[PDB]
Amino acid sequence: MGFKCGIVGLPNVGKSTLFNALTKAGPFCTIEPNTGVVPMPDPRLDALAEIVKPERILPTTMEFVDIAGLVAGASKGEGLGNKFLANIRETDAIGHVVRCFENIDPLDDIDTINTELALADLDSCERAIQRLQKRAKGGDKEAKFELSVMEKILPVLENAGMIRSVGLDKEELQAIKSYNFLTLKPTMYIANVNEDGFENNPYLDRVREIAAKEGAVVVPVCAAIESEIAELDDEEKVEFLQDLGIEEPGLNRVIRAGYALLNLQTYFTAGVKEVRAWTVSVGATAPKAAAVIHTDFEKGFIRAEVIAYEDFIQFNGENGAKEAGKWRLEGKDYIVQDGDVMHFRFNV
């Protein structure tokens, strides 16, 4: 959708251990514009590879961005050259690291940052109201429509609330898109714990408590335990894992949780030459999905040949599934499903 999640956090909370784990680890694809770009870790790839035996395997990517600058008075601070807020502006969602062990209600911590986001949005909202008012006083119908949206979010921002928590409809969103409001960015909590934190943890519970209220995802990592795995060899690490019920780097969970947060889904193409993960927004039709591969699919699309991920696996590839009849022709309004194995036609 834009493809950036910004990692934010209070000064002593592991943001750093976590974003370095993420940077270390960034088949035959060379991605090298990577101030936080990583390959999506997706075990569907290898599972597909096992059936298909492709020469190459091409995951997709997730971009994370480590938000520079100081938090404590970001809103006032910006006039002084603080970039916390502008940095957040260049992203599409927010992964919000919360210290979830001792050395204080987690809410106070989370509030420290949300205050500064709401305060900046308030200032935007107030300044907009002044301009849009004078347009509307002059009969300007669009400006009356935006203003009325401003006037719904204003008192929410006055009270440190999030624009994302206001039930605005699509027309309403559409009209305020251009403000690039910070408190409208989707967010998930990255609850950072001790290598022994997952368990009976009053902190982590209170964060889950807080998230439940606003529909938010919470993803526990131990950035301690996570930063370890990260300065071992390619493979000189396997034996490190098993030692508990984490079957993979708990980091892979944060990568996938942020890919979701940006509303992204994967579909796959699979053949003897390659298995590739392809990114589209949730709810894309096949033609939108397809246009990701080539731009003439927009107009040129004829059909999608589609197998549900679960069938491709079960029936061992495309001739299996065909045999079992799980190989569908789908059309212009088919809504791509997570992990569909697709082949697109622009000829018979």
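Numbering starts at 1 and runs along the sequence shown.
- Per the record, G26 and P27 are separated by 4 to 9 deposited residues that have no coordinates.
- The modelled chain breaks between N103 and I104, where 4 to 9 residues of the deposited sequence lack coordinates.
- Stretches 115-123 and 252-260 differ in mean C-alpha B factor, with the higher average recorded for 252-260.
- Once the C-alpha B-factors are averaged per stretch, 223-231 and 180-188 rank with 223-231 first.
- Note on the listed residues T285, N316, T279, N34: the highest Cα temperature factor in the record is that of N34.
- Of the candidates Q265, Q130, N87, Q242, it is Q242 whose Cα B-factor is highest according to the PDB record.
- Looking at the C-alpha B-factors along this chain, the one for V13 belongs to the highest third.
- Among the modelled residues of its chain, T91 has a C-alpha B-factor that falls in the lowest third according to the deposited record.
- For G77, the recorded CA temperature factor ranks within the lowest third of the chain's modelled residues.
- Per the deposited record, the Cα B-factor of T30 falls in the highest third when ranked against the other modelled residues of its chain.
- Annotation for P202: CA B-factor lies in the highest third of the chain's modelled residues.
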